[PDB]
Amino acid sequence: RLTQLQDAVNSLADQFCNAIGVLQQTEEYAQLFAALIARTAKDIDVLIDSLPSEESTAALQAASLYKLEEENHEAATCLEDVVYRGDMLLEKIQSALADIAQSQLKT
Amino acid sequence: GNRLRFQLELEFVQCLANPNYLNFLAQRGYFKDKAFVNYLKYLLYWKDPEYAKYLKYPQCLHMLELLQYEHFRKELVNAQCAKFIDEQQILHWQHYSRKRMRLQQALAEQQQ
Amino acid sequence: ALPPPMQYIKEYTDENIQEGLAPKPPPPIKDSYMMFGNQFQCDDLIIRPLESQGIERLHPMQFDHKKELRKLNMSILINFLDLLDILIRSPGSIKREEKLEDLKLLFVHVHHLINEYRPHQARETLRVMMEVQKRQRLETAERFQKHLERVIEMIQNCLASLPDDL
Amino acid sequence: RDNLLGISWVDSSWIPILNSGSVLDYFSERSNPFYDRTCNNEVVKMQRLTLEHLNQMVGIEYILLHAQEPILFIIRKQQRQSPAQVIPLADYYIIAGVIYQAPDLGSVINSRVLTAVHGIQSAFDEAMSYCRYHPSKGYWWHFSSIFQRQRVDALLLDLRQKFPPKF
Amino acid sequence: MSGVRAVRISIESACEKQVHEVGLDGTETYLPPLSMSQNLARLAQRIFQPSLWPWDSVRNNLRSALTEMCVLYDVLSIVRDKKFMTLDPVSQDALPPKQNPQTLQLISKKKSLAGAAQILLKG
Amino acid sequence: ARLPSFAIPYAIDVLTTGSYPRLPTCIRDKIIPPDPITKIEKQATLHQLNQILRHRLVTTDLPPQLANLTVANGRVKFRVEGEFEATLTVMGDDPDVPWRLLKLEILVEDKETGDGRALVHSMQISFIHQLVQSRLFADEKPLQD
Amino acid sequence: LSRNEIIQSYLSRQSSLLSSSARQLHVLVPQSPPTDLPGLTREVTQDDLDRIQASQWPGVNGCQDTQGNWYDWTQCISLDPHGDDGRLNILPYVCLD
Amino acid sequence: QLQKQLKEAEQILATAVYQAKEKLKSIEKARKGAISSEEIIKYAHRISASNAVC
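Residue numbers (the authors' numbering), protein chains in the order written: chain u, 4 to 28, 51 to 132; chain m, 13 to 124; chain g, 10 to 175; chain f, 7 to 149, 169 to 192; chain q, 1 to 47, 88 to 163; chain n, 147 to 291; chain z, 480 to 500, 525 to 600; chain d, 109 to 162.
See below:
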């Protein structure tokens with residue numbers, strides 16, 4: 004987005020330089058140049074109308090990152106506690122399938 | 013002094029990120045000496061964050077790790093090796109950037 | 010001239026040709042001036058250097074980037090129209106050099122405002138990403154919780170299966 | 007200065023500013039080992055918009071011979087006895103902003119053959135070492170069918186016909 | 001605003017997709033399938089030329105000699121025609137400013153005969 | 147004058163972890179050979195394989211003629227005590243993996259006819275090693291075939 | 480530098496237009536006198552942290568647009584500011600792969 | 109039948125246990141906040157000034 008904005012600002016100038024160059028160097054050229062400049066100018070305006078005044082970024086940034094660290098810790102604990110017990114299932118339930126297999130082979 | 017040591021080591025590690033310089037050193041036979049492998053092992057102190065803070069060209073660190081595998085230095089004497097590695101590096105770089113940009117732009121234009 | 014593609018391996022490697030314990034240790038974090046490449050690249054610096062160093066500042070400290078960028082876009086179009094006006098009246102007038110210099114000045118302030126935006130974006134990215142990470146961890150945990158219930162559902166299915174056989 | 011054939015000289019800053027007359031200028035520099043600080047080519051660096059200095063009076067000069075716009079720019083060193091009299095001395099070719107001296111036919115062939123014969127001799131010495139062969143009816147190691174197979178082949182064809190191969 | 005306070009912010013590695021191989025003219029390749037359930041069998045599968093333990097040195101040396109021979113032949117075949125090549129004979133003269141020849145010849149003959157004598161004696 | 151985008155995930159990977167997760171890995175895959183597993187996982191995979199072979203086995207219709215099978219921790223060891231001996235095994239997923247007929251030892255070993263020898267040329271044994279194996283790679287009734 | 484060929488000039492228009500590009528334009532954002540840290544010294548109001556995470560904040564978490572469609576930072580906004588078929592496509596601000 | 113059942117439910121189980129163990133091994137284990145809203149922005153300025161990894 005920001006790279007597009009910089010390129011658009013640089014091009015806004017491109018159509019100025021190019022316009023004046025063409026002039027020094051017929052009516053359709055000036056018409057298309059004018060349309061080009063106006064189009065890209067309006068695009069730069071509507072693109073600037075995007076990035077905001079903005080706020081926080083620290084006060085709220087710091088608070089949010091601290092809350093996120095706490096919640097990441099608690100979520101890691103929850104996912105592991107589930108995981109120790111999840112892996113527990115496969116551990117001796119596959120040994121229950123091996124007990125069945127041993128009893129079938131012993132026959 | 014230790015300052016000159018730090019500066020020269022930083023320059024050397026940043027220079028190691030060049031496949032041309034790596035092929036230079038490999039052809040000139042510097043890798044075959046058992047002194048250079050110990051110097052490389054000592055150079056691993058750059059992985060620390062306090063030392064990595066001063067690295068302008070970060071692409072070197074990963075490369076350094078490869079140099080420890082002891083099979084990367086036996087090869088790379090070829091020029092086709094430097095060719096291929098620089099090709100893949102610049103390809104990853106430029107294609108990642110410009111492909112993200114072009115994909116975003118083309119999808120935004122086509123969806124409209 | 011005399012120099013080749015740089016002097017080859019020397020000094021530190023000579024030192025390194027030792028054994029067990031003899032080689033020198035790593036250098037300390039020189040927190041001052043260094044010489045990477047050719048630039049000094051000294052430590053302790055900012056991200057977007059103030060435009061006050063090196064150029065004039067046409068914008069007050071209120072700096073409401075969104076409003077000033079919009080004004081600067083207008084000044085640039087109006088200044089181009091005035092440059093065309095210098096061409097109507099006197100091409101050789103001294104003002105032509107000033108107008109060409111004044112439009113460039115405007116194109117530079119827009120880039121300084123864009124540089125303010127890039128950290129405004131770094132700060133926002135440092136803030137988020139962990140919000141997406143947060144949601145992904147909670148969703149992965151919900152999947153495991155649901156999968157375990159469904160695995161317990163399979164357990165109860167196996168219980169049904171014993172009467173199912175009987 | 008040991009071997010002019012085995013030297014390469016460049017300048018990355020000069021590489022972006024490069025095409026035709028630019029090449030003559032780069033060669034003209036000074037630090038390039040091939041360029042002489044004596045002879046006549048030094049005085050063309052002193053002269054301005056000269057257009058025929060090699061003819062009327064003469065001397066050692068460097069002139070572009072063949073040129074490809076992007077990279078290839080070949081330079082030739084001439085020694086003139088008089089106008090309309092040219093004697094070619096050597097050729098220095100610039101590939102990718104890297105100057106080399108054109109190798110002679112005979113000199114290059116002979117040196118590379120010497121590198122090949124030396125490798126062949128090392129291989130021959132290794133062969134003589136590992137070979138030896140003991141004089142007393144021995145060799146320096148240091149360095169069928171039971172004819173019951175016709176029925177086995179019949180059984181093989183039988184199982185081929187019975188169990189056909191399936192690709 | 002001014003005086004930003006940095007806090008302990010933890011970030012997870014952004015390894016959602018890896019580009020194992022990057023082709024020319026674009027065309028990204030996402031070889032990594034991010035699996036394990038099959039990786040166990042892949043590792044269970046795991047559970088320098090033909091031989092090349094003896095005569096490796098001899099082999100490599102002869103290969104290198106052959107390669108140099110081939111390169112010279114290639115350059116000679118590229119001179120055989122005017123395709124991307126030249127042959128202009130710049131009237132020059134390899135002037136050796138020494139008695140290199142005599143000395144060279146002498147030393148060469150000496151060492152070659154040394155090798156010969158050594159071999160003979162040994163045998 | 148234009149200033150560009152920040153490293154962002156790249157800088158994160160730099161400062162925290164060191165293993166560069168960007169660019170291509172083909173460097174390591176083409177230049178560096180893989181490191182081998184130790185006994186810890188060698189035999190671990192061996193026993194997971196025991197288990198899966200057990201599954202495939204209880205899944206087919208083993209011949210009632212003999213089918214003397216022992217897991218041998220890696221091979222079913224299908225052995226007639228009569229004149230044939232084979233060791234079939236699987237290579238992966240139970241739905242569609244083919245079989246592997248590693249050994250084709252012939253049990254018919256008489257000491258009155260063949261003294262200090264086998265009973266058939268090894269090459270003819272190696273022919274059934276690629277023939278019955280290609281027949282079982284059909285995946286149609288392999289145990290009976 | 481003469482250029483000015485009808486063909487050479489025509490290439491310039493297409494290249495320049497491609498990079499740049525009923526209102527369908529983003530909703531005008533009124534200026535906020537107090538910012539979250541310096542302006543309102545509100546410091547962290549847990550409410551602000553909750554609002555950014557899930558609520559729609561017009562400029563902190565997204566761009567409102569007109570027609571009501573809400574575009575978050577990761578998403579790409581397609582809009583048509585000029586009264587013409589051609590539409591400005593605004594690529595994602597964050598672009599997190 | 110019970111074996112087909114165990115296999116399907118527990119292949120799902122292997123995938124879930126694997127999400128969990130990706131966790132145990134890495135994600136949701138180290139959780140180190142060392143260096144963040146300071147040095148990374150500095151490195152931002154750094155590689156932006158270095159158009160080779162930029």
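We treat Cβ as the ideally placed atom computed from N, Cα and C, and that holds for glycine.
By how many angstroms is the C-alpha of residue j removed from the C-alpha of residue i?
i: n:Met237; j: m:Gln71; result: 41 Å
i: z:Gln578; j: d:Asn159; result: 27 Å
i: f:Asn46; j: f:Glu35; result: 14 Å
i: m:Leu22; j: m:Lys86; result: 25 Å
i: z:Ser581; j: z:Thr569; result: 12 Å
i: z:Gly562; j: z:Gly542; result: 16 Å
i: z:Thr538; j: g:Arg146; result: 31 Å
i: n:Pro244; j: n:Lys185; result: 27 Å
i: n:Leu289; j: n:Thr206; result: 7 Å
i: f:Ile81; j: f:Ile100; result: 8 Å
i: d:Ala124; j: u:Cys103; result: 14 Å
i: q:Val119; j: q:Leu127; result: 7 Å
Should residue i and residue j be called a contact, given that it needs their Cβ atoms to be closer than 8 Å?
i: g:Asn25; j: g:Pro34; result: no
i: residue 168 of chain f; j: f:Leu70; result: Looking at chain f, the numbering goes 149 and then 169, which leaves residue 168 of chain f without any coordinates in this model.
i: q:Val19; j: q:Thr27; result: no
i: m:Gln116; j: z:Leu594; result: yes
i: n:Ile158; j: d:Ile148; result: yes
i: u:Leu61; j: z:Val547; result: no
i: q:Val130; j: f:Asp97; result: yes
i: u:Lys67; j: z:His585; result: yes
i: u:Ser120; j: z:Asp551; result: no
i: n:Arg281; j: f:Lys191; result: yes
i: u:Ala101; j: u:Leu72; result: no
i: z:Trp576; j: z:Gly565; result: yes
i: d:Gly141; j: q:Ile9; result: yes
i: q:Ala44; j: n:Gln194; result: yes
i: m:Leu37; j: m:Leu76; result: no
i: g:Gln130; j: u:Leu5; result: yes
i: g:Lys75; j: g:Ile95; result: no
My output table needs one value for residue i: the three-state DSSP class, helix, strand or coil.
i: g:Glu133; result: helix
i: q:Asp96; result: helix
i: n:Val217; result: coil
i: n:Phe230; result: coil
i: f:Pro94; result: strand
i: n:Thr171; result: coil
i: q:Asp25; result: coil
i: f:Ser34; result: helix
i: z:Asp575; result: strand
i: d:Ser134; result: coil
i: m:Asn30; result: coil
i: n:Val278; result: helix
i: m:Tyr108; result: helix
i: z:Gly565; result: strand
Write down the C-beta distance between residue i and residue j rounded to the nearest angstrom, noting that I regard them as a contact closer than 8 Å.
i: n:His201; j: n:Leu247; result: 19 Å between Cβ atoms; not a contact.
i: n:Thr233; j: n:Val222; result: 7 Å
i: f:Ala122; j: q:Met109; result: 6 Å
i: f:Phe149; j: f:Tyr136; result: 4 Å
Using the beta-carbon of each residue, which ones in chain C are nearer than 8 Å to residue i?
i: d:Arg139; result: Absence of chain C from the displayed structure is noted, the protein chains being u, m, g, f, q, n, z and d.
Open item on the list: Any C-beta of chain u within less than 7 Å: which residues of the stretch 112-137 of chain d qualify?
Closed with: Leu114, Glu118, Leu121, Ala122, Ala124, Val125, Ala128, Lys129, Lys131, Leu132, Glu136 and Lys137
Task: Contacting positions in the stretch 100-120 of chain m - beta carbon closer than 8 Å to chain z - done: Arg112, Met113, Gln116, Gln117, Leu119 and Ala120
Open item on the list: Tell me which residues of the stretch 126-154 of chain q have at least one Cβ-Cβ distance to chain f shorter than 9 Å, keeping chain order.
Closed with: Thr126, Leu127, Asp128, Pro129, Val130, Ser131, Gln132 and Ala134
TODO: With 7 Å as the C-beta to C-beta threshold (strictly closer), list the residues of the stretch 97-127 of chain q near chain m in chain order.
DONE: none
Task: Contact set between the stretch 36-47 of chain g and chain m, restricted to residues whose Cβ is under 7 Å from the partner - done: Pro36, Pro37, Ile38, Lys39, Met43, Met44 and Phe45
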